[PDB]
Protein chains: 4
Amino acid sequence: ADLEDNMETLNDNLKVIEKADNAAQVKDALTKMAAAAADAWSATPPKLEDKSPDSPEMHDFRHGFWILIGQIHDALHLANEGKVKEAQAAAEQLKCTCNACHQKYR
Amino acid sequence: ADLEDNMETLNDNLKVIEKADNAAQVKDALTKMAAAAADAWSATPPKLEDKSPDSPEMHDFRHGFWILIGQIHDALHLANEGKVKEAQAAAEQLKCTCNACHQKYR
Amino acid sequence: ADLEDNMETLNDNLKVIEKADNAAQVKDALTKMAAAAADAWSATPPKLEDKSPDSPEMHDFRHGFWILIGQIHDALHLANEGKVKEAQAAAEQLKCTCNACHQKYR
Amino acid sequence: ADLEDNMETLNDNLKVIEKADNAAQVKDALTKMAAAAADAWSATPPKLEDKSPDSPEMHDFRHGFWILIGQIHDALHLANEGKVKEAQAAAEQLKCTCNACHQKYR
Ligand code: HEM
Ligand code: HEM
Ligand code: HEM
Ligand code: HEM
């Protein structure tokens, strides 16, 4: 999938999580977010297309995805233990990772 | 100090940073923020007064200040290096941390 | 307490954790480790005594303690939920933070 | 690849890095490590074959490779900047991550 596609995926499932009222539905969305983040990890953003694939910018870019992934994985674990509220709380702070990368490269 | 008092010094100094011209000003502001963040770290917010001090909520609450502190110290480092534009971009970014805890617990 | 004192404290309770067979004893040691790490956070190490309190070295030094603290806090939470095994596993990885700082500044 | 096969490429390339003279060599070694780490990320180790794929153990197991990966990429960045001594100090440091997972799950 393209970056925009993964981003929309991240966005959609994020919304599902905020409303879900059962662990089953949160686990499903998080797994799906993990997949999208894993795929965007290697994408080259428009604003950085003119940079070295090994530039400080791209390294920081990929670093954001490595962070997000860790956070999604951490949240998925909480959901697996059936802690919907905690899982949901984790997703709120996770938004900050989304936002930090956007401020820099969107 | 009061949670309300600590929050006021955090909010006022963030503004000082967003308007700052030099490093002395940003450094002084971040320094006061660090102190307010450190003092707030052990507070119990109104909406969690009936929760166990060891609840996931309270653990997550304390985690938020732990994050904020790390973010202020890093911003402070950027400032100590005369990196104003960078320190300010850092202060702007940590706003999301403020927002995340407010959404869940304010 | 002096740095050496906190270090010995960190060391001792670390050993208690590895052997404890009940959550009560792990919670007690972790709380105590948290206290010692919090205190060493501000200490100036022998090898860095000739550096600027705001030098890259000291910033990285303090950063290690901020990491450790977060990890201890995370482990204490697991112990509070009564997950001795998980708590104990957390402490093993935590050792790496101890070791990373020592390699650099001990 | 096999967990044993991936572990052999991780161990052999670490040695190559410890003996390296230039960046080309370290970079090539770290690159192969990243690939082996990425492939191992989803393995189930012998001592956890009877555990649920969602157990805290397995979640912690996957977390270890998540850490390792972040450490190899950072080391790789140091290498891509011709920072050999630094890339090597980084490779030496991540050994503890290897050690931590072995202690718990090998
Ligand atoms: C879970 C967190 C995230 C959410 C909810 C999210 C959501 C979005 C959305 C809705 C868009 C709008 C454009 C579209 O998809 O049509 C977008 C764009 C973008 N995001 Fe994210 N995003 C997240 C995390 C990240 C991270 C961590 C990075 C960087 C490491 C990143 C980099 C970008 C970039 C570069 C764009 C612009 C893509 C383009 O040129 O069309 N995003 N994101
Ligand atoms: C740099 C970030 C922060 C800023 C600028 C900020 C700002 C504020 C402001 C303006 C208020 C309302 C007025 C006041 O109470 O003085 C407030 C309230 C509050 N903040 Fe923050 N805040 C920050 C971070 C945080 C963090 C990270 C947490 C939790 C971990 C938090 C928890 C709260 C709570 C619970 C209240 C309600 C307090 C009450 O009802 O008495 N804040 N904050
Ligand atoms: C929980 C993890 C840790 C444990 C178990 C631990 C244990 C120890 C021990 C046993 C010593 C031997 C000297 C003595 O205390 O008599 C020591 C020394 C030292 N550690 Fe740690 N330590 C830990 C974390 C850290 C961290 C994260 C840093 C840096 C951020 C650090 C910095 C130092 C330094 C500078 C010394 C030398 C102190 C001196 O000059 O005597 N330690 N540590
Ligand atoms: C850079 C770090 C690493 C190095 C150099 C390393 C090296 C090795 C070596 C030499 C072996 C024994 C020989 C072999 O199986 O080929 C091994 C086995 C093993 N390693 Fe690692 N390893 C690393 C990281 C990790 C990590 C982080 C984990 C877990 C998250 C892990 C889990 C295991 C397991 C379970 C075995 C036993 C496999 C079996 O019984 O088939 N290793 N490793």
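Lettering of chains follows the sequences in order, A, B, ..., and the numbering in each one begins at 1.
Looking only at distances, no side-chain donor or acceptor of A:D54 sits under 3.5 Å from a matching main-chain atom of D:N80. Under a 3.5 Å cut-off, the side chain of C:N6 and the backbone N or O of C:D2 do form a donor-acceptor pair.
Shown here for C:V84 and C:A23, the closest heavy-atom pair between the two residues is CB-N, 4.4 Å. Across every non-hydrogen atom of D:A79 and D:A87, the tightest pair is N-CB, 3.9 Å. The two residues C:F61 and C:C101 make their nearest non-hydrogen contact at CE1-SG, 3.7 Å. B:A37 and B:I72 make their closest contact through CB-CD1, 3.9 Å (heavy atoms, listed as atom of the first residue, atom of the second, distance). Taking each heavy atom of C:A89 and D:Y105 in turn, the nearest pair found is CB-OH, 4.4 Å. Nearest heavy atoms, A:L3 versus A:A43: CG-CB, 3.5 Å.
Counting heavy atoms from C-beta on, the side chains of C:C98 and C:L10 never come closer than 4.5 Å. The shortest distance between side-chain heavy atoms of B:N13 and B:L30 does not fall below 4.5 Å. With contacts defined as side-chain heavy-atom distances shorter than 4.5 Å, the pair A:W66/D:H73 does not qualify. Side-chain atoms of A:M33 and A:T9, non-hydrogen and from C-beta on, never get closer than 4.5 Å to each other. Residues A:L68 and A:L94 meet the side-chain proximity criterion, which asks for heavy atoms closer than 4.5 Å. A heavy-atom distance below 4.5 Å is found between the side chains of B:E92 and B:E18. The shortest distance between side-chain heavy atoms of A:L78 and A:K85 does not fall below 4.5 Å. When side chains are defined from C-beta on, A:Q93 counts as touching B:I67, because their heavy atoms get closer than 4.5 Å.
For C:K15, the NZ atom is densely surrounded, since the number of other residues' heavy atoms within 6.0 Å is greater than 12. Within a 6.0 Å radius of NZ in C:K51, other residues, nucleotides and ligands contribute more than 12 heavy atoms.
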A:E81 vs A:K27, salt bridge (charged side-chain N to carboxylate O under 4.0 Å, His left out): CA-CA, chis, key distance, verdict: CA-CA 10 Å; A:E81 303 195 310; A:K27 271 184 289 182; over 6 Å; no
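Electrostatic pairing of C:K47 and C:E57 does not count as a salt bridge here, judged by no charged N lying under 4.0 Å from a carboxylate O.
Going from atom OG1 of D:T97 over to atom NE2 of D:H102 covers 10.5 Å, rounded to the nearest 0.5 Å. We find the SG-CG distance between A:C96 and B:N99 to be 7.0 Å, quoted to the nearest 0.5 Å. Here C:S52 contributes atom OG and C:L48 contributes atom CG; the two are 11.0 Å apart, rounded to the nearest 0.5 Å. The structure places NZ of B:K95 at 10.0 Å from CD of A:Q103, a figure rounded to the nearest 0.5 Å. Rounded to the nearest 0.5 Å, atoms CG (B:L76) and CD (B:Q71) are 13.5 Å apart. Between the NE2 atom of C:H63 and the CE atom of C:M58 there is a distance of 14.5 Å, given to the nearest 0.5 Å.
Side-chain N/O atoms of B:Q25 and B:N22 include a donor and acceptor closer than 3.5 Å.
Classified by interplanar angle (parallel below 30°, tilted 30° to 60°, perpendicular above 60°), the ring pair C:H59/B:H77 is parallel.
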